[PDB]
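Note that ligands are numbered from 1 as they come in the structure, with each ligand's atoms numbered from 1 the same way. Per chain, numbering begins at 1; letters A, B, ... match sequence-line order.
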Amino acid sequence: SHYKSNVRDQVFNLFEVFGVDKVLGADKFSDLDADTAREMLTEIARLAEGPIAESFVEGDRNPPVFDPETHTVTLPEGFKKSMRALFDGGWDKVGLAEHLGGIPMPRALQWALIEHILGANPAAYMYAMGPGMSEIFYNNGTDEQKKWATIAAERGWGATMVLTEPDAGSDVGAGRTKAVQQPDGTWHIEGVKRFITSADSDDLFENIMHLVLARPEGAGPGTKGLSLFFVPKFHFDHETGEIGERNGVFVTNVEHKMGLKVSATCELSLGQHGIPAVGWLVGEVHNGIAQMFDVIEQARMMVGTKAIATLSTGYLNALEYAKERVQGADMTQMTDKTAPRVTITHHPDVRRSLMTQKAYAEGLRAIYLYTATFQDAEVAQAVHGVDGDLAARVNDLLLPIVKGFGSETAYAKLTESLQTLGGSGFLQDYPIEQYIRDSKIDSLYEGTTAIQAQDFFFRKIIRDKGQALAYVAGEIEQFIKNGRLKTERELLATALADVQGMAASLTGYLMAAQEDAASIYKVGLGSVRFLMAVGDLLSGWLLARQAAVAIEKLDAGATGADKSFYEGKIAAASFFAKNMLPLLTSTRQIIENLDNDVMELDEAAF
Amino acid sequence: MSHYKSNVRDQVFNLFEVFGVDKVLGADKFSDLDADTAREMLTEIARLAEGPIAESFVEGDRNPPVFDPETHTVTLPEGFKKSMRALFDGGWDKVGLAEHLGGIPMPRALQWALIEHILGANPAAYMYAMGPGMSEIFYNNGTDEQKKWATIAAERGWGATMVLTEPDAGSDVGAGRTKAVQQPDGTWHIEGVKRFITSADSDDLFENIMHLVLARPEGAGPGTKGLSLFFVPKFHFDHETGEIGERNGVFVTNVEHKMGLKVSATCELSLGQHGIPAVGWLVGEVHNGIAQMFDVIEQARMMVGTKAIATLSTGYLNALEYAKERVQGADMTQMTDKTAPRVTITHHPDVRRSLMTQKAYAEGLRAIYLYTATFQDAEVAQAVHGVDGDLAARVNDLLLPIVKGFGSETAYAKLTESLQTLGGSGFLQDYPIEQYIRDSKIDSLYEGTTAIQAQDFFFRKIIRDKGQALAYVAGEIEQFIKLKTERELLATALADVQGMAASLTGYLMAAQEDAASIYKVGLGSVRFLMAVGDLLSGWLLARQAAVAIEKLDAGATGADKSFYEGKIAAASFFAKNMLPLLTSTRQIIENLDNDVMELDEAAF
Ligand SMILES: Cc1cc2nc3c(=O)[nH]c(=O)nc-3n(C[C@H](O)[C@H](O)[C@H](O)COP(=O)(O)OP(=O)(O)OC[C@H]3O[C@@H](n4cnc5c(N)ncnc54)[C@H](O)[C@@H]3O)c2cc1C
Ligand SMILES: Cc1cc2nc3c(=O)[nH]c(=O)nc-3n(C[C@H](O)[C@H](O)[C@H](O)COP(=O)(O)OP(=O)(O)OC[C@H]3O[C@@H](n4cnc5c(N)ncnc54)[C@H](O)[C@@H]3O)c2cc1C
């Protein structure tokens, strides 16, 4: 199959670096032990490498077909077979609450399991997000709505998040879809939404729960005026779940995309076909953007994990290719035109490329798993000694890194993966060109990189009063202040100071905006580079932490494949510190010298 | 209009206001081509590109070529063939062609500016039209008798291919195993399978195809040194009249399914395997293949770089047009006010950052390939630079890997910004940027990968050259440095690149005592190539800004004034936001070690 997994690195992170096994068999996870967690990782990785990856090519080459008269999509049969393999193993219920039929587990294990589906066929996981979205509806719902959410989860209904409109993408608060209150307390939703993932899904599911943002008639402007509504594809019996009459919510177009083709990306028309789109106000309160961000937070974690998953299998495909491809002589024998030909892993530029791919893939894996350790209060306490409030703020700080830095990094470093194959990398015979096309969406949906970087600075640092950022910086400082990693710790110290300098510069521009409003533009100009710098710093630190563990295991006497694995962690941490981190010094100097010339330029001059 | 957005204004600015190529127009080789006619030609081909050539850009990708095993041919979509006919009917496939082959003499700088439009609109169309130019290369390398066949080939507009690559010989051309067996009559029978051959068949576009095939005569030595070049036509023909005769034994056997550039048929080509012989004629009746074939490789490397730049330019201009109309969000100065007016996204800082990044690299790359082309005519190099023919050739050789390697990497990377500017809509096939990205990814791979470009640049174009071309260009940068802030930033960048060159040269020279030292050259080579590209971009943009300042002081108005204002802004932005990174890259190159080379392969 195309999909090459890395359970070994996952288990290294979960158990040898972060110690998530400390909570297994205790309190919420009393019924899940470490051996079982490992077995589940191996099991889903095998399922991903087999039946799920089997339709990865098919979904792209034979993409979904829309019938505009039935407002339905037909998915390729091979992809539906992969979906059934996912459902038959219960993998659309990973980490679902126990009362909804799930297996309780730390979020760090949950996302490690999901990584394999996202690497093998990411749209398959997207289609399978229904039960998790039903749990969010449960948590935000009235007692009666919790009964519907239980049905939806138990029956495996699909689900969507429905926000975007043609004129309201990044600016969610500009949305014009309306909600009209009915005497009996239901609402009729009227509007056209766009770019809705999974808004129809062929016959995968008995029903779909649309979670729709809409503006009640007479509500105020902006996101504050928006409410969230449960809008099912089919009406249903609220006691038994029996599916009833079709609700007035119809797909009216399916986009032709660069990649992720098997994910139906839809225009969704509500109340436009002479049938009301009945919706129920979630929680029977008007609090839409707050409620919908429970969904957005999960989707941003998913997109980041998808990016990392895809870079990982891209790297491992490139590595396998490089080990076998014979081309050229060793550089030490270039002059000799009779020298033996060698496999291309002998060439310095190929080893540079591979170690770049490796270090970023493994640094990103460490980042999303680190982030997830703050998503359970019990895990954050056991592994970090951090209380619930701080853990939540740290998770909030890291999500735009997982999403924003992960999405940008994975796409960029897949360029190196493709390059490693030479001309063959341009062929559809190999999976890397599809990885690139499928990953380009990651920087765009669930909030563009610029929106992630604005969220990160203004909301996760400034509004947070820097508490979460100071916590993470303190952990990096402690690592620095703890022989064989001295050069790496010195390089990390410089990188930490560089990022601190960037944060101070941008905060200074924000303060200056009290006096000259246009000074705020300099925050915008520097925001994305600052986000990427924090990502690089975290990557280098977590890689260096991994190298410290690897040194310990090597000193203790690791042999064989274990020894090679640990040796590679040391090499990745050292390579990243020496080749990636120093660039942050120049980025700091650039951010310190930002000016508004590019903002004052006449638009006609571009 | 079309997907293709051209930039004749920037081309003319470069050709005439910056480099002064008009100095040679109306004189000597170019006596019959004046400046007004050159401008009219650029405008005319730009309109052709925006019109009939671009018309089939989408069709070629969505309805790609089909291989027919019943006939060993490739079929092309009709709309694309209509674009090809528009190209030939206009006589565009003979721009810069030698006069005796029917061409219009012109400076290479003008030639590549004309070609940029075809490459931006539908680059495969130019590739299929490379026949006459390759026939001229055959003419130049051929016997007196062969010159007669090359004249027929160019006159009749035959297609042509360059046939080097094999399944086990890609970057390592010298490992090729395709064989040539001399026949009693002095012809050769070619036997082997070649891979990834562009335009290996082309439907009914042409009456014949000239394959220029590298092969190893029986008993020849092992290296590239042992390869010879052969003229292998698809059809035999009458060497005097050109009448097409019997099929020659050279057949396409598959067409590759590619990420992009789909309408360019990329084929496995089998010689002498469908048992009629592939008859070939030794080019020039001498054994000198790799030297002869590099005449073709040099033009192909210029083409790939120009293609990448052309595609980034139309990607940028599409993103700019979109950004000017897309209303989204309030101005950042009104972020708190959820009642503030919505603005077009060009008002947002990250979008202006993105657009200026795209602009500066697109225009810097255009300046680089036009600057390079000014060294490709001795008469232009003398007129515009005061540089003799020998130095001009060495400087052109130095810059070709920058055009190809730095251009290919840069265009693909900065198209990411172009797509991002469209938001979610950038991921749609409704807009052309996703196809630009797919079509552009090949540029870093064929006609020599980036790593091969960087190794050529350093080992051959610098070390073997004893740094003569490099010192000349560095001297011109230093003279400009001697726009004060931009000149200070350029001074730092020049010193940075000089430090990189010194470090890598040390690693290479130390290899005599410590063989593994050479690996550090390999580790740093691509970063060094890219740093040189960034330095050249920043220098040429600053040179453009100096001209722009002059024209503004002289009273420029209207659209001219806006253009010149944009050049000042691009040069300043590039100097302040791109060049400083070269300082960290220098320190990284100065710190290279062989830990990554000593690591066990199993540890990756
Ligand atoms: C679409 C397409 C069309 C083409 N059309 C033609 C054509 O018409 N005619 C033609 O002659 N060729 C053609 N080619 C081939 C092209 O010229 C390239 O040389 C070829 O694709 C690269 O060789 P390869 O694919 O075997 O990669 P390899 O040579 O196997 O390279 C694989 C990897 O190893 C690296 N590598 C290899 N050797 C070294 C070394 N010594 N030092 C450092 N790194 C090294 C490369 O950089 C690359 O990352 C085409 C290629 C493509 C993709
Ligand atoms: C494949 C796909 C699937 C999707 N699925 C869903 C789904 O299921 N549900 C859903 O609700 N949405 C979905 N979306 C919508 C997605 O969230 C939007 O595409 C995204 O938020 C960007 O919106 P837009 O496309 O309108 O771009 P715009 O908002 O128009 O952005 C255009 C450009 O302007 C920039 N920009 C805009 N505002 C600002 C600002 N204030 N500051 C700085 N820069 C700014 C952006 O960064 C971008 O570069 C999907 C999108 C895609 C591509």
Donor-acceptor pair between [X] and [Y] side chains, under 3.5 angstrom:
X	Y	value
A/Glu165	A/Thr177	yes
A/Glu416	A/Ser353	yes
B/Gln328	A/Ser170	no

Taking heavy atoms and a distance under 4.0 Å, where does [X] meet ligand 2: side chain, backbone, both or neither?
X	value
B/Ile345	side chain
A/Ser170	both
A/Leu163	both

May I ask you to list the atoms of ligand 1 that are less than 4.0 angstrom from any heavy atom of A/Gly422?
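Here the atoms of ligand 1 in question are 25 (O), 27 (O), 32 (C).
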
Ignoring hydrogens, just give me the one of A/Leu268, A/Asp171, A/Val172, A/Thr164 whose non-hydrogen atom is nearest atom 10 (C) of ligand 2.
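It is A/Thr164 that holds the nearest heavy atom.
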
Closest non-hydrogen protein atom to [atom], residue and atom name please, with distance?
atom	answer
atom 36 (N) of ligand 1	A/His347 CD2, 4.2 Å
atom 17 (O) of ligand 1	B/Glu447 N, 3.3 Å
atom 5 (N) of ligand 2	A/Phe195 O, 2.4 Å
atom 25 (O) of ligand 2	B/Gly424 N, 2.8 Å

For B/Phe528 together with B/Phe457, are the ring centres under 6.0 Å from each other?
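Close enough - the centres of the two rings lie under 6.0 Å apart.
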
Would A/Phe426 and B/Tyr446 count as a ring pair (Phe, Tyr, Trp, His ring centres under 6.0 Å) if you check the C-alpha gap in whole Å, the side-chain angles of each, and the deciding distance to 0.1 Å?
CA-CA 10 Å; A/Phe426 201 58; B/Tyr446 56 51; 7.7 Å; no

Using heavy atoms and a 4.0 Å limit, tell me yes or no: is B/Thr161 in contact with ligand 1?
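Checking ligand 1 against B/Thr161, which is what was asked, there is no heavy-atom contact under 4.0 Å.
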
Hey, does A/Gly328 sit under 4.0 Å from ligand 1 if you only count heavy atoms?
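Not so, A/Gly328 does not reach ligand 1.
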
Under 3.5 Å between some N or O of ligand 2 and some N or O of A/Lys257?
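No.
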
Quick check: does A/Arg194 get an N/O under 3.5 Å from an N/O on ligand 2?
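Such a contact does not occur with ligand 2.
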
Main chain of A/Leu213, side chain of A/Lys193: is a donor-acceptor contact present, judged purely on distance under 3.5 Å?
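A pair under 3.5 Å: yes.
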
